[PDB]
Amino acid sequence: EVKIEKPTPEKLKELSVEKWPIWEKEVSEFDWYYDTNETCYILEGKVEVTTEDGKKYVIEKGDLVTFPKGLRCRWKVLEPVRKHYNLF
C-alpha cells in the first residue's frame, strides 16, 4: 500500500515539508527498494509506480505520498519530478 493523498494546507503546514530535502529526477524508469519508510511531497512531475506484486499508482504534483519500509517497486517518471522527502 503506497498511500497517496492531496493534503490539507494545515497538514502540509504542520509537517513543515519545505524544510525536507529535495530530490529531482528526469524522465526515466528504474527499480527502487525502500530501506526505510518515506514520505514525499510532489512539487512537480508525474510518476507511474508499479509495486513488486503488480499494484499500480500514479503520483503527481500536489500529492503527499507514503512508501512503507520493505517495498520494492519500479518508478516510471513520465514528467520530470521534484519533491520534498522525509525518511523515517
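The deposited coordinates derive from X-ray crystallography, with the record listing a resolution of 1.83 Å.

The protein carries the name novel Thermotoga maritima enzyme TM1112 in the PDB entry, which gives Thermotoga maritima as its organism. Anyone opening this PDB entry will find it titled "Crystal structure of a duf861 family protein (tm1112) from thermotoga maritima at 1.83 A resolution".

S.K.: What is the right way to look at the side chain of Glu-38 in this model?
M.R.: Its place among the elements puts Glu-38 in strand β4 (residues 38–51). Among buried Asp, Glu, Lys and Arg side chains, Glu-38 stands out as unpaired, with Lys-83 the closest opposite charge at 4.7 Å.

S.K.: Teacher, can you tell me more about the side chain of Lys-83 here?
M.R.: Along the chain, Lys-83 falls in strand β7 (residues 72–87). In contact with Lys-83, other than residues within four places in its own chain, are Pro-21, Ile-22, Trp-23, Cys-40, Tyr-41, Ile-42, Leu-43 and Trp-75.

S.K.: Looking at this structure, I do not really get the nonpolar core. What am I missing?
M.R.: One recurring pattern in soluble globular proteins is that nonpolar side chains are buried together. Counting 16 residues, the largest nonpolar core has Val-47, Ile-59, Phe-67 and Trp-75 as the members making the most contacts within it. Of all the elements in the fold, those that place two or more residues in this core are β4, β5 (56–60), β6 (64–67) and β7. One finds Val-17, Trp-20, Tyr-41 and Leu-64 within the second-largest nonpolar core, a separate group that totals five residues.

What counts as what
Residues numbered from 1 in each chain as written, not as in the entry; some residues may be left out. Heavy atoms only, no water. Helix = DSSP H or I, 4+ residues; strand = E, 2+ residues; numbered from the N terminus. Buried < 20%, exposed > 50% of the residue type's maximum accessible area, 1.4 Å probe, protein only. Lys, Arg positive; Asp, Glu negative; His and termini not counted. Salt bridge = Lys/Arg side-chain N within 4 Å of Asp/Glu carboxyl O. Contact = heavy atoms within 4.5 Å. Core = buried A, V, L, I, M, F, W, Y, C linked by side-chain atoms within 4.5 Å.

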